[PDB]
Amino acid sequence: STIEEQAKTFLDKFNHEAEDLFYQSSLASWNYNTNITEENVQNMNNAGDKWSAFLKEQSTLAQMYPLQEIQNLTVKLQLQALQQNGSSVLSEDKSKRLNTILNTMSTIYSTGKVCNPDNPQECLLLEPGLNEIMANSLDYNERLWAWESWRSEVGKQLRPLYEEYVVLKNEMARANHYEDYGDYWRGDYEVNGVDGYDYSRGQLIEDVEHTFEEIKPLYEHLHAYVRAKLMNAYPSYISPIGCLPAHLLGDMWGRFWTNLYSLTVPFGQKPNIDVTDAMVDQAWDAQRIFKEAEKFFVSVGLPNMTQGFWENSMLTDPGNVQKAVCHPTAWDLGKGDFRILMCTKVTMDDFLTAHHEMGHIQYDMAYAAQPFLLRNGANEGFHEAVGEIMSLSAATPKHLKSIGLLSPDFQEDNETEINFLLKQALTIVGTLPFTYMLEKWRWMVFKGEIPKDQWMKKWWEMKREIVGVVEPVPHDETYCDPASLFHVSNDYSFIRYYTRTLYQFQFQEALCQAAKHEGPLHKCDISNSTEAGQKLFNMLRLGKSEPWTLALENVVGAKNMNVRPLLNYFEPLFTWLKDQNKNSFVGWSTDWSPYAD
Amino acid sequence: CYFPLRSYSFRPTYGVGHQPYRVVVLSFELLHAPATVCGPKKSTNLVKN
């Protein structure tokens, strides 16, 4: 009789109808990365627009539902989700211009052609040799060209193409009654209809900046450590008072610090811990890595999954006779079928990601009784952040004594844990102001703050402010530096990587308290504890059906992001970085430039 | 105003919760008629004398 009884009948029609069409096109899409064929690539044209036709025909009926008289919380979120129309709010010729520009952004990233005019006999790409050359470039001019030519010829033709991209995406938000395209990523995070737990639209500028000051000494002891250990490699290049060039960070951008480590190691006499040479003498295969990982979930209290996982899914690559994309993306096919396609060897980081990839699937079982648009994480970034917290407990030396990958007699002194806490802070802790830097570039260009000549003027001025990096080559207004990144042109959310640290180390404090661990947080293990397993089990069965600001108080008892459990993880490393950094110069200088001669 | 009957989607590759399971139950009741269908519980060997 009411609007609430009319809203449940439309969405329960929408529930089982979307279970059929999502599983039908993802069965060929699981065969897409399995087999590269001529037959299945025209099935991507056949079944790929079946998702595109279904979402706009259900947005043809449902935009006339008001959100004002809806009493229940669940329906509102589900309906906002149904209503936001995306790219269909334009006219005819403006939408088809937007459809053909995204096909040109994806093909220019991988197939992009740049090599050397001094000797153009043989050229390189972004996936092959490139990796090998970068890996080893103790030189100076050999690594200087590989960063500059990757920026210059790729972003030459994309920079007039991004002049049309900034004006067209401002028409996305104003038809959706928002302000800019930079706040389209944070439109998922809003919670309305609750008393006192409500989330405003100016809070994410406020909450991140208050946590930025407390992590400002956290990066600064890591900033002086990279300058101190590179003094023997480069005498004349890195200044002690000045800043760092960008291309010495061991990556095409500097998002990953995991390569430069082959230099920044504290102790070369004490070796790094590796399970790779240990598992090859005991005759293990790729199946037994997930047999030992399956017994990790039954000791924490999580139930056993379905019996059809092992027989219909593949792991080892079946020869060179067919082409497979082995890239580790987690697959949710819908209707109880959860598969995986990985690239497997016997290595120490394949065992590290095995509790990450099974962390996705064991979360994916529990929300299967929920309706389909509420099948997600707690926010949009919980789906890839769920696996690394139990992957950190599997990388502990205490857990490996029980499952027997290490020796039964192992001596761990105070200099053994310096190598473990530095390597885990490379791709997690040390990228947090680098995640913050281009996102504040992302929100302020869409509000109309800067003109055309101030576009790259704001770029290197902020880079010597937040992370303290001055670029060695001065740039023109014909070059675009962010354009070479994977998360820019392919339209992905880069906002998940800032909260990757702040969700997991906050949740590590609540789970190790209920498991009763006495010591530092890097020696904690969640196994053989049934007390913290039922605390985890109330979190895994929700999704975004429960709002994310009400799901934090069920676990940690706090309504916000706190810095203090990450500093407790940093606390044995905080004493060791204080003793080393006394001879060096703290902070960095603004006026130092490499190209001033 | 919506059509009440909703379709099934059948595929062997789902797994344990989404497979179909055919369920028939037996209903027993008492009425004025005497009891009709009774039970075999195996029989012993016939002996003499």
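Rules of the game
Residues numbered from 1 in each chain as written, not as in the entry; some residues may be left out. Chains lettered and ligands numbered in written order. Part of a larger assembly, values for the part shown. Heavy atoms only, no water. Axes fitted to C-alpha atoms, helices over the stretch in contact; angles between N-to-C directions. Helix = DSSP H or I, 4+ residues; strand = E, 2+ residues; numbered from the N terminus. Parallel < 35°, antiparallel > 145°, perpendicular 65-115°, else oblique. Left-handed = near helix turned anticlockwise from the far one by under 90°. Contact = heavy atoms within 4.5 Å. Polar contact = N/O pair within 3.5 Å; in protein donor to acceptor, adjacent residues only side chain to side chain. Nonpolar A, V, L, I, M, F, W, Y, C, P; charged D, E, K, R; others polar. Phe/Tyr/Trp six-rings, centres within 6.5 Å; stacked < 30°, edge-to-face > 60°. Buried < 20%, exposed > 50% of the residue type's maximum accessible area, 1.4 Å probe, protein only. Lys NZ or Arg CZ within 6 Å of the ring centre and 35° of its normal. 1 Å grid on protein atoms, 1.4 Å probe; cavity = no way out; pocket = protein on both sides within 12 Å on 5 of 7 lines; lining within 4 Å. Points joined across faces, edges and corners; volume = space filled by probe spheres on them. Disulfide = S-S within 2.5 Å.

This deposited entry lists cryo-EM as its structure determination method and 4.04 Å as its resolution.

Quick word on the packing of helix α1 (residues 3-34) of chain A against helix α4 (residues 49-61) of chain A
Residue and element names in this part refer to chain A. Axis separation between α1 and α4 bottoms out at 10 Å; the angle between their running directions is 170°. Classified by the angle between their axes, α1 and α4 sit roughly antiparallel to one another. In this structure, the crossing between α1 and α4 has a hand that is left-handed. Judged by residue contacts, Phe 10, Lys 13, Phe 14, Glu 17, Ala 18, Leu 21, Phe 22, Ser 25 and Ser 26 of α1 engage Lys 50, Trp 51, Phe 54, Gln 58 and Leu 61 from α4.

Side note on the interface of chain A and chain B
Tallying the contact residues gives 14 residues for chain A and 10 residues for chain B. On inspection of chain A and its partner chain B, the count reaches 6 residue pairs in polar contact. Taken together, the residues of the side of chain A that touches chain B sort by class into 3 nonpolar, 6 polar and 5 charged.

Observations regarding the packing of aromatic side chains
By the definition in use, this model includes 33 aromatic pairs over all chains. Each ring, one from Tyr109(A) and one from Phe486(A), has its centre 5.7 Å from the other, and the planes form 50°; the classification is tilted. Taken together, the residues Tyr109(A) in helix α6 (residues 92-110) and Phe486(A) in helix α25 (residues 486-489) connect sequence positions 377 residues apart. Look at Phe486(A) and you get partly exposed, because its relative accessible area is 37%. One aromatic cluster is present, formed by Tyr162(A), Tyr165(A), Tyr181(A), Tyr184(A), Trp185(A) and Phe446(A) through successive ring pairs. Looking at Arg255(A), its charged tip hangs above the ring of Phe256(A), at a distance of 4.2 Å from the centre. Directly above the aromatic system of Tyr14(B) lies the positively charged group of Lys335(A), at a separation of 5.3 Å from the ring centroid.

Things to note about the environment of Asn40(A)
Residue and element names in this part refer to chain A. Relative to the assigned elements, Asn 40 resides in helix α2 (residues 38-41). Sequence spacing of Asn 40 and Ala 28 is 12 residues, and the spatial spacing of their C-alpha atoms is 6.9 Å. With residues near it in sequence (within four places) discarded, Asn 40 still touches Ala 28, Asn 31 and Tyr 32. Side-chain polar atoms of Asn 40 contact the backbone oxygen of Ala 28, separated by 2.8 Å. There is a polar contact of 3.4 Å between the side chain of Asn 40 and the backbone oxygen of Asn 31.

Looking at the environment of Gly86(A)
Residue and element names in this part refer to chain A. Among the structural elements, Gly 86 can be located in the loop between α5 (73-83) and α6. In this structure, the C-alpha to C-alpha distance between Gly 86 and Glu 465, residues 379 residues apart in sequence, is 35 Å. Once residues lying within four places of it in the same chain are set aside, the contact partners of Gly 86 are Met 172 and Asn 176.

Section: empty space enclosed by the protein
All names here are of chain A. All chains considered together, the criterion is met by 17 cavities of 30 Å³ or more. Considering only enclosed or pocket space, the largest cavity measures out at about 340 Å³ in volume. Lining the largest cavity are 22 residues, with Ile 389, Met 390, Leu 511, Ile 526 and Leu 536 positioned closest to its centre. Secondary structure elements with two or more residues in the lining of the largest cavity: α15 (288-298), α19 (382-385), α20 (388-394), α26 (499-514) and α27 (533-540). Of the residues that constitute the lining of the largest cavity, the class distribution is 19 nonpolar, 3 polar and no charged. Size it by volume and the second largest cavity reaches roughly 180 Å³. Taken together, 15 residues line the second largest cavity, and the ones lying closest to its centre are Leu 222, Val 226, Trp 257, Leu 260 and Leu 426.

Considerations on unusual backbone geometry
For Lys335(A), which is not a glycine, the phi torsion comes out positive at approximately 60°. Topologically, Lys335(A) is positioned in the loop between β1 (329-330) and β2 (340-341). Judged by its relative accessible area of 8%, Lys335(A) is buried. Backbone geometry places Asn49(B), a non-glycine residue, at a positive phi of 60°.

Here's the deal with the state of the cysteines
All names here are of chain A. The final tally for this structure, using the stated rule, is 3 disulfides over all chains. Across a sulfur-sulfur distance of 2.0 Å, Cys 326 and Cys 343 are joined as a disulfide pair. Between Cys 326 and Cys 343 the disulfide shows an S-S torsion of about -60°. By sign, it is left-handed. Pair noted here: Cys 326 is in the loop between α16 (309-312) and β1 and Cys 343 is in the loop between β2 and α17 (348-352), with a separation of 17 residues, a long-range link. Taking the relative accessible area as the measure of exposure, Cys 326 reaches 26% and is therefore partly exposed. Judged by relative accessible area, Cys 343 falls into the partly exposed class, the value being 41%.

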